[PDB]
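What follows is a single structure, written as C-alpha cells, with notes after it.
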Amino acid sequence: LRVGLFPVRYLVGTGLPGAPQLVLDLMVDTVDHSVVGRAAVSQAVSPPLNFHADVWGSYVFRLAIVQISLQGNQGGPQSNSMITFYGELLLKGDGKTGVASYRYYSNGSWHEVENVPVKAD
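What follows is the structure in C-alpha cells.
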C-alpha cells in the first residue's frame with residue numbers, strides 16, 4: 005500500500021525548558037488506518053529521561079477531529095514485552111497541530127503527560 009503508506013513525525017510537548025518532549029517518528033497507512041513507528045521521550049532534567057519504545061496503533065477521523083490512539087513497547091506488537099507506552103493524539107481536521115496525552119514507563123513506574131501541544135515536523 006505504498007500509495008496509502010507515508011511517514012509522519014509528531015513533536016508532543018510544550019517545549020518549555022526542562023519540560024517533557026515526545027518525538028514520534030511514525031508511519032500512516034491511510035487504507036488500513038494503521039500507525040507504527042518509534043517513541044522517544046526526554047525531559048532534559050535530572051536524571052535525563054531517555055524513553056524509547058516501538059509504538060503501534062490506529063487513527064480515526066471524526067466529524078472534524080483526527081484521533082490517533084497509540085500503544086508501545088520494546089520490539090513492537092509481536093513481542094511479549096510489557097507495554098511501556100500509551101498515547102492519544104487528537105489532531106485538528108488539518109492534522110498540523112492539536113492537543114494530546116501520553117504515558118511512558120520508566121523505573122518501574124508510569125509517567126503521565128496530559129494536554130500537551132502537538133506539532134508535526
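Read left to right, the sequence shown gives residues 5 to 67, 78 to 135 (full-length UniProt numbering). Ideal Cβ placement from N, Cα and C applies to all residues, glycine included.
Cβ pair residue i, residue j closer than 8 Å
{"i": "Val64", "j": "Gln85", "result": "no"}
{"i": "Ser62", "j": "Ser38", "result": "yes"}
{"i": "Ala134", "j": "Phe99", "result": "no"}
{"i": "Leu30", "j": "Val12", "result": "yes"}
Anticipated Cβ contact below 8 Å, residue i with residue j, distance rounded
{"i": "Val45", "j": "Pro24", "result": "7 Å"}
{"i": "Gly90", "j": "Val49", "result": "The Cβ separation is near 28 Å, so there is no contact."}
{"i": "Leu104", "j": "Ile79", "result": "6 Å"}
Given residue i as reference, the closest of the options once Cα atoms are compared
{"i": "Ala114", "options": "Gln92, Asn129 and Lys133", "result": "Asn129"}
{"i": "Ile97", "options": "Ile79, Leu26, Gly17 and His56", "result": "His56"}
{"i": "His125", "options": "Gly101, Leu5, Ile82 and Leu67", "result": "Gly101"}
{"i": "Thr34", "options": "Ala134, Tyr14, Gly41 and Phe10", "result": "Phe10"}
{"i": "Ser123", "options": "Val132, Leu53, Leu15 and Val40", "result": "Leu53"}
{"i": "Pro131", "options": "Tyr118, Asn94 and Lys106", "result": "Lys106"}
{"i": "residue 69", "options": "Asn121, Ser120, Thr111 and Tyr119", "result": "This structure gives no coordinates for residue 69. The numbering of the chain moves from 67 immediately to 78."}
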